[PDB]
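Worksheet: one structure, shown below.
Counting neighbours? That spans all protein chains shown, and the Cβs are built from the backbone with ideal geometry, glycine included. Nothing in this text is a laboratory measurement; each read-out follows from the coordinates by a stated rule.
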Amino acid sequence: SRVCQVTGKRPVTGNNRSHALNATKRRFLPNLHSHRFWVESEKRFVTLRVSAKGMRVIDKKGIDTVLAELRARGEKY
Amino acid sequence: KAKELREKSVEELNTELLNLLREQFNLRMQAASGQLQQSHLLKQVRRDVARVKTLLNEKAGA
Amino acid sequence: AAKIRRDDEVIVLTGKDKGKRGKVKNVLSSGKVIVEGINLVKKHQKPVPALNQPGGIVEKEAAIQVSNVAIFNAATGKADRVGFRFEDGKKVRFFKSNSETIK
Amino acid sequence: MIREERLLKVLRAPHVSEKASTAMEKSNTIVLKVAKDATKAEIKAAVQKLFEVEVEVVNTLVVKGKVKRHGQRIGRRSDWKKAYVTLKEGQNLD
Amino acid sequence: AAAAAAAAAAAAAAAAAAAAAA
Amino acid sequence: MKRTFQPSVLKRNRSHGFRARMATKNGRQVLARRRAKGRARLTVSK
RNA sequence: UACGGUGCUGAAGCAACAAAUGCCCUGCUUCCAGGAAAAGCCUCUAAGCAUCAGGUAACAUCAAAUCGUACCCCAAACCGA
RNA sequence: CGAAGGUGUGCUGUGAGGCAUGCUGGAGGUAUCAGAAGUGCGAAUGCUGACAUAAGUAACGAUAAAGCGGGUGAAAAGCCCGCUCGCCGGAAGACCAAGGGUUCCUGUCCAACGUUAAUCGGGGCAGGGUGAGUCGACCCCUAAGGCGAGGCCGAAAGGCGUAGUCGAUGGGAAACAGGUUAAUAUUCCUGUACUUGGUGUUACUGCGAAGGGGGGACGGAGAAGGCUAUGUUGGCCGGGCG
RNA sequence: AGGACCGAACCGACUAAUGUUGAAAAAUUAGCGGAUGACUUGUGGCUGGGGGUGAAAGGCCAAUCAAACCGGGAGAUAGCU
RNA sequence: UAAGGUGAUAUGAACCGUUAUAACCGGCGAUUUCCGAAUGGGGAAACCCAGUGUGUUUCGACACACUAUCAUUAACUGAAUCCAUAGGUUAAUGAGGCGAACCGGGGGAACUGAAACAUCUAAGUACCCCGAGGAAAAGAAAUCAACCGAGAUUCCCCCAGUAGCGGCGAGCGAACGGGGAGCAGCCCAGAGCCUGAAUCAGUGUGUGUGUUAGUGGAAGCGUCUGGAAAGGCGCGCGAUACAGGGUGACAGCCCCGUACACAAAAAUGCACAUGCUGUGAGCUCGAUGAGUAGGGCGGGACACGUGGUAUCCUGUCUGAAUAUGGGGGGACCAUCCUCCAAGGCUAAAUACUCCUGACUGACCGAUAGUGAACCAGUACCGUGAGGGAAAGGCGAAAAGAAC
Ligand SMILES: [Mg+2]
Ligand SMILES: [Mg+2]
Ligand SMILES: [Mg+2]
Ligand SMILES: [Mg+2]
Ligand SMILES: [Mg+2]
Ligand SMILES: [Mg+2]
Ligand SMILES: [Mg+2]
Ligand SMILES: [Mg+2]
Ligand SMILES: [Mg+2]
Ligand SMILES: [Mg+2]
Ligand SMILES: [Mg+2]
Ligand SMILES: [Mg+2]
Ligand SMILES: [Mg+2]
Ligand SMILES: [Mg+2]
Ligand SMILES: [Mg+2]
Ligand SMILES: [Mg+2]
Ligand SMILES: [Mg+2]
Ligand SMILES: [Mg+2]
Ligand SMILES: [Mg+2]
Ligand SMILES: [Mg+2]
Ligand SMILES: [Mg+2]
Ligand SMILES: [Mg+2]
Ligand SMILES: [Mg+2]
Ligand SMILES: [Mg+2]
Ligand SMILES: [Mg+2]
Ligand SMILES: [Mg+2]
Ligand SMILES: [Mg+2]
Ligand SMILES: [Mg+2]
Ligand SMILES: [Mg+2]
Ligand SMILES: [Mg+2]
Ligand SMILES: [Mg+2]
Ligand SMILES: [Mg+2]
Ligand SMILES: [Mg+2]
Ligand SMILES: [Mg+2]
Ligand SMILES: [Mg+2]
Ligand SMILES: [Mg+2]
Ligand SMILES: [Mg+2]
Ligand SMILES: [Mg+2]
Ligand SMILES: [Mg+2]
Ligand SMILES: [Mg+2]
Ligand SMILES: [Mg+2]
Ligand SMILES: [Mg+2]
Ligand SMILES: [Mg+2]
Ligand SMILES: [Mg+2]
Ligand SMILES: [Mg+2]
Ligand SMILES: [Mg+2]
Ligand SMILES: [Mg+2]
Ligand SMILES: [Mg+2]
Ligand SMILES: [Mg+2]
Ligand SMILES: [Mg+2]
Ligand SMILES: [Mg+2]
Ligand SMILES: [Mg+2]
Ligand SMILES: [Mg+2]
Ligand SMILES: [Mg+2]
Ligand SMILES: [Mg+2]
Ligand SMILES: [Mg+2]
Ligand SMILES: [Mg+2]
Ligand SMILES: [Mg+2]
Ligand SMILES: [Mg+2]
Ligand SMILES: [Mg+2]
Ligand SMILES: [Mg+2]
Ligand SMILES: [Mg+2]
Ligand SMILES: [Mg+2]
Ligand SMILES: [Mg+2]
Ligand SMILES: [Mg+2]
Ligand SMILES: [Mg+2]
Ligand SMILES: [Mg+2]
Ligand SMILES: [Mg+2]
Ligand SMILES: [Mg+2]
Ligand SMILES: [Mg+2]
Ligand SMILES: [Mg+2]
Ligand SMILES: [Mg+2]
Ligand SMILES: [Mg+2]
Ligand SMILES: [Mg+2]
Ligand SMILES: [Mg+2]
Ligand SMILES: [Mg+2]
Ligand SMILES: [Mg+2]
Ligand SMILES: [Mg+2]
Ligand SMILES: [Mg+2]
Ligand SMILES: [Mg+2]
Ligand SMILES: [Mg+2]
């Protein structure tokens, strides 16, 4: 599923309007990419599927903080 | 009847029940014939099957 | 509970045979009683080849409701509704009018 | 070896017929009516230790019952396994 | 005994395009 | 003419039968409907 | 005899020719569009082995279920009311 | 001493309509003003249920085809028997397939069912009827696919898909000939054979496998060669001298 | 050797009469074409509706098809009857 | 509890008991083949086929028990690559599945309306999907007003179809404020100090408090009609009972029943107290929830549709402040007022009867009423989803009409 392993950024739905203001049923897709993350406190590479906001929250909130929180919330790496 | 059969063994009932089954099966084999002119013998023998077979579980493992 | 007992001697309030007593033969399903000598009616019968019957107009005794009969009183010469006391702890039937136990 | 408790339930009745009244004498065979969970073990050990007689070999089938109509509503009689039991040379039931 | 009361055949709209008036 | 229906139980009872309508999802949304009326002939097992 | 049946007896039982769309044939020839798998079986070995076990060479065995089996089947019995 | 409902009569208001009453009917109706309405049938090619209409008309489901004697009976054109006569015979014959669920067999029974009558029936009713180490299914093994933990992917359900485990119409053990009942029988019976599993002993002492290989193992056409199932004729045997 | 010929079973549906509340809601009769192949067929697995499949006819997808059928918003709505 | 039983159409055969172990009713149990989440593998549901540790064995074969699957906690084992690592093998509680309405989320339309129709409405309605409880949600102020204040959430009545939005058309629709029902506030982002301390959440127990069977319960007799009095016609009686139910037609006094009075060995709810099982109120204070607030970018929820748009939510790149700040007070600014966001907990009031009991009702009385008063979600019809019938009246008891 297109679900970010960090943010919880689930896809939502809007209506693509127009210059004549029409209405359809679009989707918005979160910005997922696979990635590998170095860890020294475990000394390995951890794989992850992560949003583009996640790949900048991971350089502020500490890598091992999220890597410990994901053991607790219920979504394994 | 069970207030009389309550004071018997663990293993004497495991000959009593087989004797009742032997005569019950005799009654079932005479139930082929148009001679067994007792109706309630079969049902009361089924009730004596019932009381004995429930005292069996009421003693053996209770 | 059914205050009209089995072997009691009851009398008939109304019907084709009012006034006359009887010694109750039995009672059927939902209270209907068969007075031995009152509810009398002819019945026809085809002769049957089972149990050796020759056929005839057998007069058997019919049924009647509880609300037609009542227990006859030996003392006052009429009927009486029946009530229940608890004498000695025993639930025992006893008469309403004249206040004295029957058995 | 089948225990006596299971053994004693396996029969209902012998079965009267014209083919029983031919297989009794002209081929010396008997016609049981057994319960539906009976195999050739549960009749080969069951003719023996219930009449204290012997047996040659056993055979069975599964008779499927007819369709009856009591009143105007349909009815289906219970099926019942019919067992043919051949008795050895020198045998005779009670 | 008794019996039923049948009805409602696929009556094929009772006609072809017979009356070719053109 | 060969009619609308030439029977074959060997496929009828696996393309309509009880375990077939229990294997999918919305077969459990037909077996969840036939009990509302309470069908005594529940499905096409004989 | 139950005049429907059945019980009890019983000779000859050979040859030749003809002959397949049935067998060998799952073969042969020959052509191109180039014509299943796996198991039962045949067989060889390591992880394992022990003078054991298992192995086929014998034979007395003991066993080998459960279910289908009636009936019609190009039809008066299936599908077409 | 006769309530609601039906029925006939007899009056009566300008009307929808009431009052009275003979008859059927065998337990409820209901003043008088008032209140609330699923409140009034000629339709609606309305909808159910009944009876008419054509009408005692068409038609009786092949142009293979019936006639007669005897019996059963209250009954015979069909039902049983018996003799002719027709007709199929690569079907309209026999056994089975996928299918159907007592239709098979006797004992009855005629109301309804058979485009008639009915003793008859695939009709009702009562009883009787299927037998296996070998035939088949189940089972050992796979094809096309299906399911499919994981895993990958998808708003969620789910979607394909790996190992697997499912999947006949095909691949793998076996056997036949005769007799029998009103019905089954390669299954029952005498007859004589065959296989496949664990056993105990007899001598023999390399078995070992989720692995290795040979096999199972395969298309279409024609062409012959020897052959039998069967068929014909003779020889024979039995009957007959038309 | 043959999408070779004549002609069976099998398919197929060209012509004509009959049959059209018929025997049959597409057939009988008598003639007809293919008939070792792009065949036909048994049984079984696969293809889902704005989709399938189609020697492609807008034909077929359970006797219904220029969007199958079964419930539902449905008391869609109808300025017309 | 008890003088009659063995369910019914449906009688009969053959039986059992009378001082309470006949039956009947209630509470707890033991039974509970097979299919079904099916859970040993599989499988056209009701069948087919096994593996393992263990008890008999007339060594033929039996009887019992267990084995899915993930999640979770592990114990142990465990390779590419040595210590370590994915994966593997066992245990144990949890969970799966079903079920009507009701609630909360994640997706999401159309004929119709505007007399056409796209923006709009129809509407977050039908319908699917997830998840949970008997209630759910929401929640204890970065909320409104207006210099005076109020004081969480929900729900009902108003304000009001107003002020607004809108091809300014169709139509939609507030809020501030006021009456109510009903009230309970807390806690972690944290150290210490009372340290085991108020409370709190299960345990069992006593008392009531019901629920699950039960028991008594008033009083009336004679005449005429007729099949029959329960009727009319006399004379009474009872009434903390004159509501209904049936009895050969209208019954307070015939009969079950009510008003009333009582009742439990066992189970069990709903409370106070209880010995506990486990968790902890009280003071000094510090410290105030960063990829967040707002904005660039579209968007959908606010009555609020591009509008002159505040507020909140977020897919996308951005992005600070930190008691001196920061948000809001319907662009925006200054003043003033008021409030501490980026974390949790939490009852009733409200919504709902598949199912349970009791009553009523200007509700139906067989073409009605639920599709069904009768054996109906059955027969019949469709491969299937699904649709869907018709069908009560003898009489007082069958007294069913022998010969
Ligand atoms: Mg829209
Ligand atoms: Mg009483
Ligand atoms: Mg009475
Ligand atoms: Mg299918
Ligand atoms: Mg046969
Ligand atoms: Mg035919
Ligand atoms: Mg037809
Ligand atoms: Mg009338
Ligand atoms: Mg009148
Ligand atoms: Mg009258
Ligand atoms: Mg009357
Ligand atoms: Mg009345
Ligand atoms: Mg009206
Ligand atoms: Mg009319
Ligand atoms: Mg009119
Ligand atoms: Mg009309
Ligand atoms: Mg009409
Ligand atoms: Mg007519
Ligand atoms: Mg006429
Ligand atoms: Mg005419
Ligand atoms: Mg004419
Ligand atoms: Mg004519
Ligand atoms: Mg004809
Ligand atoms: Mg004819
Ligand atoms: Mg004749
Ligand atoms: Mg004839
Ligand atoms: Mg003849
Ligand atoms: Mg001929
Ligand atoms: Mg034939
Ligand atoms: Mg039958
Ligand atoms: Mg027959
Ligand atoms: Mg006839
Ligand atoms: Mg006649
Ligand atoms: Mg016959
Ligand atoms: Mg018959
Ligand atoms: Mg058999
Ligand atoms: Mg045999
Ligand atoms: Mg596959
Ligand atoms: Mg799949
Ligand atoms: Mg999975
Ligand atoms: Mg397999
Ligand atoms: Mg096969
Ligand atoms: Mg095979
Ligand atoms: Mg075989
Ligand atoms: Mg036969
Ligand atoms: Mg090999
Ligand atoms: Mg070939
Ligand atoms: Mg030969
Ligand atoms: Mg020969
Ligand atoms: Mg001559
Ligand atoms: Mg064609
Ligand atoms: Mg043509
Ligand atoms: Mg032709
Ligand atoms: Mg040709
Ligand atoms: Mg040709
Ligand atoms: Mg065209
Ligand atoms: Mg079509
Ligand atoms: Mg469509
Ligand atoms: Mg459409
Ligand atoms: Mg709607
Ligand atoms: Mg409409
Ligand atoms: Mg009973
Ligand atoms: Mg299972
Ligand atoms: Mg298997
Ligand atoms: Mg399964
Ligand atoms: Mg629109
Ligand atoms: Mg439109
Ligand atoms: Mg419009
Ligand atoms: Mg809450
Ligand atoms: Mg203030
Ligand atoms: Mg009383
Ligand atoms: Mg935070
Ligand atoms: Mg803001
Ligand atoms: Mg933001
Ligand atoms: Mg903004
Ligand atoms: Mg914006
Ligand atoms: Mg904060
Ligand atoms: Mg908060
Ligand atoms: Mg009526
Ligand atoms: Mg109705
Ligand atoms: Mg059907």
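Observations on the model:
- Pick from the range B:1-45, criterion more than 14 Å from chain D (Cβ to nearest Cβ) and aliphatic (A, V, I, L, M), ranking: farthest from B:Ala62 (Cα to Cα): B:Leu41
- On inspection, A:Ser41 qualifies as free of Cβ contacts under 8 Å to residues at least 24 places away in the same chain, part of a loop (DSSP other than H, G, I, E, B) and under 21 Å from A:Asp64 (Cβ atoms).
- Residue in the range D:1-29 that is farthest from the other protein chains (Cβ to nearest Cβ), counting only those that are buried (at least 16 other Cβ atoms within 10 Å of the Cβ) and charged (D, E, K, R): D:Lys9
- Number of the exception - D:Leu32 against (1) in contact with a strand residue (DSSP E or B) (Cβ under 6 Å, 6 or more places away or on another chain); (2) within 14 Å of another protein chain (Cβ to nearest Cβ); (3) over 30 Å from B:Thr15 (Cα atoms); (4) not β-branched (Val, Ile, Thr): (3)
- Condition met for B:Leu55 (part of a helix (DSSP H, G or I) and within 26 Å of D:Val47 (Cα to Cα)): no
- Some residue of the range C:58-69 being more than 14 Å from chain B (Cβ to nearest Cβ), more than 17 Å from the chain's Cα centre (by Cα), exposed (fewer than 12 other Cβ atoms within 10 Å of the Cβ) and near RNA strand J (Cβ under 6 Å from one of its atoms): no
- Screening F:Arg21, F:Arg35, F:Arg41 for residues that are surrounded by 11 or more Cβ atoms within 10 Å (Cβ to Cβ), away from RNA strand G (no atom under 16 Å from the Cβ) and not small (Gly, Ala, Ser) leaves exactly one candidate, F:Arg21.
- Within the range C:70-101, the only residue that satisfies the criterion of being loosely packed, with under 10 Cβ neighbours inside 10 Å and of a type in the set (S, T, N, Q) is C:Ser99.
- Of the helices (runs of 4 or more DSSP H) lying entirely inside chain D, those containing at least 1 residues that are more than 16 Å from ligand 36 (Cβ to nearest atom) and more than 9 Å from the chain's Cα centre (by Cα) span D:4-7, D:20-23, D:48-51.
- Being farther than 24 Å from B:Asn26 by Cβ and of a type outside the set (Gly, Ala, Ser) is a description that does not apply to D:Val10.
- Scope the range A:44-72; condition over 11 Å from A:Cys4 (Cβ atoms) and not in a helix (DSSP H, G or I); matching residues: A:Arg44, A:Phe45, A:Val46, A:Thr47, A:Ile58, A:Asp59, A:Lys60, A:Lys61, A:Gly62
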